[PDB]
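See below for the structure under consideration.
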Amino acid sequence: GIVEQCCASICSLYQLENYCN
Amino acid sequence: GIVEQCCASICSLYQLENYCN
Amino acid sequence: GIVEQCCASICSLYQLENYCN
Amino acid sequence: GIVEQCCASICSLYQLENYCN
Amino acid sequence: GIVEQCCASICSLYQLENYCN
Amino acid sequence: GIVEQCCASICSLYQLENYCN
Amino acid sequence: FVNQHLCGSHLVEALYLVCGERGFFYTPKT
Amino acid sequence: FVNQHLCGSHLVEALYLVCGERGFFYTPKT
Amino acid sequence: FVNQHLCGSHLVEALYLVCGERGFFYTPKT
Amino acid sequence: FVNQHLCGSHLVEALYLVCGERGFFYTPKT
Amino acid sequence: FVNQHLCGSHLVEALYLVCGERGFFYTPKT
Amino acid sequence: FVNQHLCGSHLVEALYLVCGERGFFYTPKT
Ligand SMILES: [Zn+2]
Ligand SMILES: [Zn+2]
């Protein structure tokens, strides 16, 4: 999920926008 | 939702926990 | 500046990026 | 206290240091 | 104190409430 | 710069005030 | 007015501490 | 946008601003 | 009104930076 | 509630919300 | 009034995420 | 003032309050 994708590793804005609804 | 019940008046932790999963 | 355009109304990321270097 | 002197007007660091231990 | 109990180690809500006044 | 001086190492208030304008 | 945008950041920060691992959804739409 | 690890409340706040009136979901359990 | 609850979080955050190791007490009661 | 280490300003903010109008004390020196 | 001081902290926090390594200048003076 | 490492948004917020109406510059690229 988000912790693994964005905290453990880095997330581009497009990727962080996958968690918008 | 939460913006109209908790920005118009203060919401305690207990009132905030209602909006969790 | 930013205080009068973004505290008086909401500024999206895109509007905020205008004030970067 | 601090809520009535610093939320009604801006308090600098110096005014805030008065409420430390 | 609090740093040692809640930052070095983890604090339950009951324990964090020991630092309320 | 600031990251190197204030995050990698610690900055006194005088030093952090070097980055005020 | 007052500011529900600034309140919303505080709100989602508060919900991060209260919900913990249960997680949440923030929808200012109803 | 910023190019670094965003954890805990800094991830929730990055979500809050990126998503705008769409809102988001924060689900840390895995 | 205005919002002294949202202001209070900013206030205690500001006091964490200003007081450092002297610490503080936050009492909205007087 | 959240079940993780809370340090610096994240501890002060957790205190701020947990305690409510009671207020709290932040004393980091040990 | 409303509060542009509390809004300004949110503003510079938002700009830290949006600008990333381009950095910024915050001048409430114009 | 606090005597510890201040990184990311905690450095921007320390700057925000220290500098007051003077404003500041945040330039993380080196
Ligand atoms: Zn705020
Ligand atoms: Zn942090």
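Some notes on this structure:
- Backbone N under 18 Å from the F:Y14 label point (7 Å along Cα→Cβ), restricted to chain L: L:1-4, L:18-19
- Part-to-part distance (alpha-carbon centres) for chain J and segment K:2-30, which is given in Å: 26
- Copies compared at F:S12 - label distances in nm, ascending, label defined 7 Å from Cα in the Cβ direction: 1.9, 4.5, 4.5, 4.7, 4.7
- Inter-copy label distances at H:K29 (7 Å, Cα→Cβ; nm, one decimal): 2.6, 3.5, 4.2, 4.2, 5.2
- Where chain E is carried onto chain F by rotation, the Cβ closest to that axis, with its residue and distance in Å, is E:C7, 11.
- Listed by chain and number, the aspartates and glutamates whose alpha-carbon sits under 14 Å from that of J:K29, ignoring those within fewer than 8 places in the same chain, are E:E4, I:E21.
Computed from the coordinates by the stated procedures, all read-outs in this text should not be read as laboratory data. Here Cβ is always computed from backbone atoms with ideal geometry, including for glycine, and neighbour counts include all displayed protein chains.
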